[PDB]
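K.L.:
One structure follows; several queries about it will come next.
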Amino acid sequence: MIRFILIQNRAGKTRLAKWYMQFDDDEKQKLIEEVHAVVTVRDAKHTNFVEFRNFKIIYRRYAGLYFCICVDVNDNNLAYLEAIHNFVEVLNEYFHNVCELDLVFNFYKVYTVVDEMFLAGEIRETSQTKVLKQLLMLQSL
Amino acid sequence: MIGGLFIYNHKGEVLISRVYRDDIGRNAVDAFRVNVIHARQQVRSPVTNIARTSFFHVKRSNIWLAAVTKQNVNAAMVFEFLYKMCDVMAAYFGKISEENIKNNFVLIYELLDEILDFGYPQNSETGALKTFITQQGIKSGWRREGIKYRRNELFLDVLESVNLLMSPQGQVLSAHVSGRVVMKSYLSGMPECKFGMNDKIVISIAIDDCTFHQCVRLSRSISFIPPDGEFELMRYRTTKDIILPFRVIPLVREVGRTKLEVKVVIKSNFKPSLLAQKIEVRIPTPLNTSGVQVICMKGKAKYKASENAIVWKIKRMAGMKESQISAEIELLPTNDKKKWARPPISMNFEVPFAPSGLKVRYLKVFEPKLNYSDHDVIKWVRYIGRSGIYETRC
Amino acid sequence: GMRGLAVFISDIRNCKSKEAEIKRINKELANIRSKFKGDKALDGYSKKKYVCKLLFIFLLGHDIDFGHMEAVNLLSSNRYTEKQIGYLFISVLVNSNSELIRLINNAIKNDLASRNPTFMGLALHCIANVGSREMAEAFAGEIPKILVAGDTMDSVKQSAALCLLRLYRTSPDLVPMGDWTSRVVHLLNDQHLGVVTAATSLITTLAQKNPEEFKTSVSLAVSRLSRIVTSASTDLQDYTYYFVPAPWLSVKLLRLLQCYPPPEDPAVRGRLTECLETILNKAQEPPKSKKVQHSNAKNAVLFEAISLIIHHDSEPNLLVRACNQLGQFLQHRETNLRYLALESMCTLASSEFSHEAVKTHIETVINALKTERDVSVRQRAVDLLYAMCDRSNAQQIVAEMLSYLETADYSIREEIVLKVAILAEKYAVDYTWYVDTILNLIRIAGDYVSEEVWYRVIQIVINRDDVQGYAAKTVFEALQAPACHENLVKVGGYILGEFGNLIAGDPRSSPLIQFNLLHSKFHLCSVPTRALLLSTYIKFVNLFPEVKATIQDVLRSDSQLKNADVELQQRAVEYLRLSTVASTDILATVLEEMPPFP
Amino acid sequence: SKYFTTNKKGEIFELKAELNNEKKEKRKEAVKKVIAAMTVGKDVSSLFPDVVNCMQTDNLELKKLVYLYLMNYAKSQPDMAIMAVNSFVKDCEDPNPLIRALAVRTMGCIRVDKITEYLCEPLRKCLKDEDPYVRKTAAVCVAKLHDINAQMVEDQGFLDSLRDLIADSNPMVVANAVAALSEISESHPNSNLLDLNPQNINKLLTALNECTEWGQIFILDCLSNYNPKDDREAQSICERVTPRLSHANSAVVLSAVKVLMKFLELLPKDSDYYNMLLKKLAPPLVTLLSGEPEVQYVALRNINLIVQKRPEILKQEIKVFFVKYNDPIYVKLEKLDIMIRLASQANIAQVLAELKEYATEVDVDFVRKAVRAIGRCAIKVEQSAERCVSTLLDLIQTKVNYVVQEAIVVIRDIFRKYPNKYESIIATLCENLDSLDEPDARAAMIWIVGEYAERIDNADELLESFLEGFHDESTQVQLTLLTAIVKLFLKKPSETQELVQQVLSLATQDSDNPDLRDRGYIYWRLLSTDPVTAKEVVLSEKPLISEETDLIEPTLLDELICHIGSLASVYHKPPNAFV
């Protein structure tokens, strides 16, 4: 399953954090710092599948942004990497060439999208067309 | 003459840098961040040489200042310049803190470019820099009276527990140490104790913690009055620069679906003059295990069907050694499915040192009314490191 | 429509110091709490804006200790946006007021009672994200009825299935196994693929512990998998991700099939084998697009199929084809594919039907290790090499590791030398090969060899070697380098002292040259090495009467007699008095044939 | 691809637009933000030309912050900054020569092969200026230019200009050029450092009293290389250098000490000046030790060599080198070493009164080193061995573990130095036999039991207690157990036949150690061959040992004294060791 989803910048400021397991604020901050430290050191030649405590992290870089999903050791890697890319594509389509400021100024809509695709630590919906239609219908209200 | 200057935070991330000679690359920065800031057993010294490069370091609060050179520089020059520059910065914006560095990056860069030219500390009186710099800094009840003892005594015990989860290839997935200091003092009167200790302690997921007694006073040094009998002075949890006493290497070979071979090698990563005692290694075995043939040249090994594990007991072991246990397991083919999910190998030990690297520097006991001092008091100090959850994935 | 918050982000970003940020946030918090605590009635839109601002303040990092009352009141509103804001705030920040928790439970019950799909979706998302004990005890009996009702919308069905998943994971004792299982199983035939995905996830988790109730889903799973893999480019266009039909659903279905024994029905097994063969055949085809995402999407399903094939382990042809495909993946640009293929072959290494197939890729594995830049790929390749090492290829694998040692990184050297020692001890057929391998290992990486290995090599050289001349010549050749170090010096001193007579015939290994080389090594090592070398010297005195005098002046030097160490002084004194006193025939009695190890 | 890379509504476009404004009020903030982003590692290359366009301004701050970014980029991306010299060259004719000096420094900070065309010409025109600071900066960047590998045909002219710059009325400038010449002389050709002794030395000694704090250091460092030729001239130089007790903590004082000790050659007692100079050299060294801990550490490292070369200077000043409780450990160890160095037969009664004190504190490292120092005292002074042994027995009786182990290890060495003098002590040691956990302490105890075997009637039982757990022990304790048991056999035969057979069986057969087996056979082949020769071979008289540990190579010591102030005297290694 999925433990948490993070969208971060290079400077370390967390742009989005979704948690699917119980944690405290200090523990959450420590985990965020550890994830940032682990992801930043690695270069582009390295793999995207990095062990982290007793889980693993599937991460992708988009310019100055880092998208991270923390999953169990026995879970599939390529499927969740493509889930990351699908999520990024839908974010780009919905925000009309999304940028970092778009995520900053519309955190609640991003939370709605993340709930639409990921729920209870699993993949909920995969189609871009249906997700976009639902989001447009909600925005029409 | 000064190769370059670096300013680091407590966590080990470089706050600022300024390199004056190209003969010093980022390898030097990494070497300082590893061998000095994150040293484990390195002997402390202000001037350290590594890879034919000399580093002079000065600590101010939780900030590190390093002057880097590759030549035979005048040693007193570097330290006098560091003191003068620290005094100048303190005069410009008061106390030296990481937040102040973040706010006055620009002024720091201007000062470094101004007072230090190519490594040559030109005339840099604080009064005369006002003309040359056009910027302005941004400033910002527990012990009864009437206690008597025939003799003065005290015991200190630093009790620590180390917890480790390690990957099969040797990557340290997680590690943290929980410790406490226990003081048992038979002292006559109302003594005052100054406790001095080194920098290994800063003042679910394990996070750094430090909690003192009610009698502790902070102003480095810790001043207190010991209550009679035994009491817990301070407790703490640390996560950085842990010293791991042991390293376990498992090698598991699955011969088809009927046999199995497990070879475990344990190594002792501490000094040869220290001795760990009561070592026990728990090696799991699959549920459908008909029997096991185990051979080891150190300690004794036995199989437990009720617990379904191999217990390997070593009475004691010295530092910088190695040991190996090899077991051949025969499996009855009941079900050709439900692969044996390997649980981690467990370790228990006791080491006569603090794995977190803590070391007590001094303890001065002064009595105002009576006449005795720390020379009269008899002092014992014991370190007891122990294993908590010590697991290596197999 | 919130200009104040929009300018709030800009104003807080414009702060030039931490004090400014703290002052601004404290002022805004004071304003918000004063407005809530005021007696003036304010509209619900202001409530929404201020709750959003508080949520932003919390996400900034600082704490919030109030505002729950307004957020909980927002749930009863009939405007969707206010309800979403309230539910988001409640999910992010949890309060311990029991009456407040009960009021939230009642409001969520009222929303569930409604027939609006969106409100039901919001309520289910709140339950799944919070997942507290109170929510479980309130809605465990209610959620499955919502899931199995035939008039519910598809989105509500997906959300309800995942909610039941979350409650089962967090509260397993509070969810009984009822009669709703048949509907859950039948959900796999729904035309909406998202419903199938949610049902597959829930069924996988439940059957991980209760196989009998859901064992009937295998036929539906294999039929849907066949329909997915045999579909054309104009079919299932809604769920087709970069020319790949339904990657995630197929992956989930294969994961579901992985937790069950092989199907009992022969028709089901035939269909499954057909599906796996079709997937592998489609994988061998050239890519249909240059985009990497198509490659990743296809490879995910491919690796899931391979894992299922390994798990079942009943089709030799499938295993051979999987081995061929995995071996093909080693010659690929992407590092991820190489890593995953190495893991998969290491899994295959423990299978009876594919030992030869995995062995065939030995040259490819060695080349990948030799040309590898990533450390993790190197480690997995080394583990694979150790895993597939057998009697026939033991020599090749050991030679490959020894050849790698010269240019190896220091971090991996300990693991490499340990594995090399284990393999050499295990597969030792010819004593000459074992002795040569151990001596080469020492000469290369003695800084990482233990103290048992070079006890064993000397024990074997003594007991039954018939290679004593071979043992001595290799050591004599190896000791001539300036980089010689501790373990090599020790074993070389012992071997030379014991068997210099066997190679003293050659003009390149005369006794004087041997002694000169050893004494050149002498003054650079620690005290146990020096004691061993002194025993070697007294051996030389008895073996070579021509060099005795030259040796004696070495002992008599002030560096030995007055040495600070006790052991060196005792050895020097004893040996000097042994050579000088008695006679030459007496000395040969103390230094006899060295009876062999027990 | 280009995901999140768009620059239509991003902060990069906003920053680029903000840099094109003509208002300095927002321009200063934009430049500060750019500098901060560059510090945080952001890529601001696309904004580089705009910052270049910011350089064409009249305000002082804006240019200063722009040159700060240029200096930042000079080390980061030299190629980008190389092409900007066309604006730097046209800045040496304006008023306010501090701008000219800043431009010269920044231009010298760039390392480009073709930059010489834009660098060689201005320098020859900047040494002749009204403002001496321009000449100072030029002298500084001369060394930076010399760092670049080039033929430098005009090096003769550069050195002539630097030499002519010394004879200048105005103080930190000349004590910057002397440092530049000292740096150049570090790579000294066969003909370098022309000895214009009279005028240059007179000018240096005249400007020495007027230079800045670092000026005295540079001048003294340069002068230390000089070799005098006249006894009267040497006396004059020493008399001129002695008043250096300046407010500078060490560097000035240490350099003055270096110069005086290198310039130390004269008649022994023909003139009452050698004694006066030796007396004057003590107060500055003594007052050096009151500085910050790092400077204390450097001063102690230098005082070690000073005491080594000539102990007469610090003969009676041992009271200063006592250890304070709050000092850092790296200063405590040096203080202990110096204390042991100065321990003469007169002050032992007080030095030993302190070392014992240091053995009753908490710091374990210092406790072990203090016990070792108690041991070192008894080998350096033969009239205090009884007192040192009494102190060690008291420290054994205090019943602390780490004190007892080190005390036994040290008593072994004291016994080896003075045989057949402390036989009665042995019994008191044995009672403290159950608290030996180190292998050094166990080895020392077994060795002591092996010796004096006739003075102990209980040695047999003591060694039988050791033999039971023969394995699971270090190799050195096994070796010393073999030697001790064999020695015991040769003194008490006909009653220990069980011991030797047992220990030789344990070493020969049970132990797989090669050299241990060799020694087992070597001993076995003596006892069974002839008991006459074996007694002479094993129990032969062992020659005594001198205290050779506390000594240094005279040539190395002379070189270090030649290099007192530098890092050569801190590592105590030759300068060629680190390069």
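So you can find residues: chains in the structure tokens are A, B, ... in the order shown, residues in each start at 1, and ligands are numbered from 1 in order.
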Check which residues of chain A sit at most 7 Å from chain C using only C-alpha atoms, and return one row each with the closest pair of atoms and their distance in Å to one decimal, ordered by chain and rising number, as CSV.
P.N.:
residue,atom,partner,partner_atom,distance
A:46,CA,C:374,CA,6.7
A:47,CA,C:336,CA,5.7
A:78,CA,C:300,CA,5.2
A:79,CA,C:300,CA,5.6
A:82,CA,C:297,CA,6.7
A:105,CA,C:6,CA,6.8
A:119,CA,C:162,CA,6.7
A:120,CA,C:166,CA,5.5
A:124,CA,C:198,CA,6.5
A:125,CA,C:194,CA,5.7
A:126,CA,C:239,CA,6.9
A:127,CA,C:239,CA,5.1
A:129,CA,C:238,CA,6.9
K.L.:
I need the residues from that last selection saved to file as a PDB file, in the first residue's frame (with C-alpha atoms), if you can.
P.N.:
ATOM      1  CA  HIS A  46      20.512   6.785 -10.222  1.00  0.00           C
ATOM      2  CA  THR A  47      17.379   4.676  -9.876  1.00  0.00           C
ATOM      3  CA  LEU A  78       6.884   0.636 -12.277  1.00  0.00           C
ATOM      4  CA  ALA A  79       3.122   0.738 -11.702  1.00  0.00           C
ATOM      5  CA  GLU A  82       3.460   5.496 -13.866  1.00  0.00           C
ATOM      6  CA  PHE A 105      -2.511  28.972  -4.164  1.00  0.00           C
ATOM      7  CA  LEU A 119      -7.852   6.591  -1.278  1.00  0.00           C
ATOM      8  CA  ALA A 120      -7.074   4.525   1.831  1.00  0.00           C
ATOM      9  CA  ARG A 124      -8.794   4.571  -6.900  1.00  0.00           C
ATOM     10  CA  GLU A 125      -9.164   5.820 -10.491  1.00  0.00           C
ATOM     11  CA  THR A 126      -6.776   5.685 -13.442  1.00  0.00           C
ATOM     12  CA  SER A 127      -8.594   7.249 -16.408  1.00  0.00           C
ATOM     13  CA  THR A 129     -10.842  11.507 -19.033  1.00  0.00           C
TER      14      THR A 129
END
K.L.:
Give me, as a Markdown table, the closest atom pair and its distance (Å, one decimal) for every residue of chain C within a cut-off of 9 Å of chain D, counting only C-alpha atoms, rows sorted by chain and rising number.
P.N.:
| residue | atom | partner | partner_atom | distance |
| --- | --- | --- | --- | --- |
| C:452 | CA | D:513 | CA | 9.0 |
| C:455 | CA | D:513 | CA | 6.5 |
| C:456 | CA | D:512 | CA | 8.6 |
| C:458 | CA | D:514 | CA | 7.7 |
| C:459 | CA | D:514 | CA | 8.2 |
| C:494 | CA | D:515 | CA | 8.0 |
| C:528 | CA | D:476 | CA | 8.6 |
| C:531 | CA | D:515 | CA | 8.6 |
| C:532 | CA | D:515 | CA | 6.3 |
| C:535 | CA | D:515 | CA | 7.9 |
| C:561 | CA | D:543 | CA | 6.8 |
| C:562 | CA | D:545 | CA | 5.4 |
| C:563 | CA | D:545 | CA | 7.6 |
| C:564 | CA | D:545 | CA | 7.5 |
| C:566 | CA | D:447 | CA | 8.9 |
| C:567 | CA | D:480 | CA | 7.6 |
| C:569 | CA | D:542 | CA | 8.3 |
| C:570 | CA | D:542 | CA | 8.2 |
| C:573 | CA | D:542 | CA | 7.5 |
| C:574 | CA | D:537 | CA | 5.7 |
| C:575 | CA | D:537 | CA | 8.1 |
| C:576 | CA | D:537 | CA | 8.6 |
| C:577 | CA | D:537 | CA | 5.4 |
| C:578 | CA | D:537 | CA | 6.0 |
| C:581 | CA | D:533 | CA | 7.8 |
| C:582 | CA | D:533 | CA | 6.9 |
| C:586 | CA | D:529 | CA | 8.7 |
| C:589 | CA | D:525 | CA | 6.9 |
| C:590 | CA | D:525 | CA | 4.9 |
| C:591 | CA | D:522 | CA | 6.9 |
| C:592 | CA | D:525 | CA | 8.7 |
| C:594 | CA | D:521 | CA | 7.9 |
| C:597 | CA | D:509 | CA | 7.7 |
| C:598 | CA | D:509 | CA | 6.8 |
K.L.:
If you run DSSP over the backbone, which residues in region 263-327 of chain D end up alpha helix (DSSP H)? Put them as a ChimeraX atom specification.
P.N.:
/D:274-280,282-288,293-309
K.L.:
Which residues of chain B are close to chain A, meaning at most 8 Å apart when you count only C-alpha atoms, and how do they look as a PyMOL selection string?
P.N.:
chain B and resi 173-174+204-207
K.L.:
What are the nearest atom pairs, with distances in Å to one decimal, for all residues of chain B that come at most 10 Å from chain C, using only C-alpha atoms, set out by chain and rising residue number as JSON lines?
P.N.:
{"residue": "B:99", "atom": "CA", "partner": "C:18", "partner_atom": "CA", "distance": 8.2}
{"residue": "B:100", "atom": "CA", "partner": "C:17", "partner_atom": "CA", "distance": 9.7}
{"residue": "B:102", "atom": "CA", "partner": "C:17", "partner_atom": "CA", "distance": 9.0}
{"residue": "B:103", "atom": "CA", "partner": "C:17", "partner_atom": "CA", "distance": 6.9}
{"residue": "B:138", "atom": "CA", "partner": "C:17", "partner_atom": "CA", "distance": 9.7}
{"residue": "B:140", "atom": "CA", "partner": "C:19", "partner_atom": "CA", "distance": 9.0}
{"residue": "B:169", "atom": "CA", "partner": "C:379", "partner_atom": "CA", "distance": 7.5}
{"residue": "B:170", "atom": "CA", "partner": "C:415", "partner_atom": "CA", "distance": 9.4}
{"residue": "B:249", "atom": "CA", "partner": "C:415", "partner_atom": "CA", "distance": 8.7}
{"residue": "B:251", "atom": "CA", "partner": "C:419", "partner_atom": "CA", "distance": 9.0}
{"residue": "B:252", "atom": "CA", "partner": "C:387", "partner_atom": "CA", "distance": 8.9}
{"residue": "B:253", "atom": "CA", "partner": "C:387", "partner_atom": "CA", "distance": 6.7}
{"residue": "B:254", "atom": "CA", "partner": "C:350", "partner_atom": "CA", "distance": 5.5}
{"residue": "B:255", "atom": "CA", "partner": "C:350", "partner_atom": "CA", "distance": 6.3}
{"residue": "B:256", "atom": "CA", "partner": "C:350", "partner_atom": "CA", "distance": 5.3}
{"residue": "B:257", "atom": "CA", "partner": "C:351", "partner_atom": "CA", "distance": 7.3}
{"residue": "B:263", "atom": "CA", "partner": "C:422", "partner_atom": "CA", "distance": 9.4}
{"residue": "B:265", "atom": "CA", "partner": "C:418", "partner_atom": "CA", "distance": 9.3}
{"residue": "B:267", "atom": "CA", "partner": "C:450", "partner_atom": "CA", "distance": 10.0}
{"residue": "B:320", "atom": "CA", "partner": "C:450", "partner_atom": "CA", "distance": 9.7}
{"residue": "B:321", "atom": "CA", "partner": "C:450", "partner_atom": "CA", "distance": 7.8}
{"residue": "B:322", "atom": "CA", "partner": "C:450", "partner_atom": "CA", "distance": 7.0}
{"residue": "B:323", "atom": "CA", "partner": "C:452", "partner_atom": "CA", "distance": 9.2}
{"residue": "B:336", "atom": "CA", "partner": "C:312", "partner_atom": "CA", "distance": 8.9}
{"residue": "B:337", "atom": "CA", "partner": "C:311", "partner_atom": "CA", "distance": 7.6}
{"residue": "B:338", "atom": "CA", "partner": "C:259", "partner_atom": "CA", "distance": 8.7}
{"residue": "B:339", "atom": "CA", "partner": "C:311", "partner_atom": "CA", "distance": 8.5}
K.L.:
Using only C-alpha atoms and a cut-off of 6 Å, which residues of chain D sit close to chain A? Please list them as a CSV table (one decimal) with C-alpha atoms, in the first residue's frame.
P.N.:
chain,number,residue,atom,x,y,z
D,3,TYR,CA,7.2,19.5,-17.2
D,4,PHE,CA,7.0,22.4,-14.7
D,5,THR,CA,9.7,24.2,-16.8
